[PDB]
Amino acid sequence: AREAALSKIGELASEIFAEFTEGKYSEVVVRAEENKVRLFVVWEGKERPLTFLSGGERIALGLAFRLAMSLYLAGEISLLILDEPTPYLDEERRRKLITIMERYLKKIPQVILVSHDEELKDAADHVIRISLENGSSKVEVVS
């Protein structure tokens, strides 16, 4: 039954990761290394270690697996909240996130993305800025 679960989560993650990578990776393989979920990717018919992924591909894989888990556990994705999905000022991950925001996240009913990155504004539908002013958080609805 365990293997049945693993194969299913892998199938769901494979479709999303393939979309996020424009078909570069055909599959995400999910295994349980002594009850500790491990991921591998398939490229040109071979399973490869995650060290072969670029920084943008790593964020795409992590996001694909999370989205796969939402479908697996809840059967759909109505709301997605992400807190600082990329490391501070990581450029490569920024670009991939923007592409994912434009092509996939915009189709989810509601997404709440919390980030330090000003460059993500154009890819969002609504922008709210929160800043510490005179010791208190201040909300500015930008759009």
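When you see a residue number, it is the position in the sequence shown, counting from 1.
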query	finding
Stretch with the higher entry mean CA B-factor, where the candidates are 53-61 and 30-38	30-38
98-106 or 85-93, whichever carries the higher mean Cα B-factor	85-93
Within-chain third of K46 by Cα B-factor, per the entry	lowest
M69 CA temperature factor, ranked by third within the chain	lowest
B-factor third for the C-alpha atom of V114 within its chain	middle
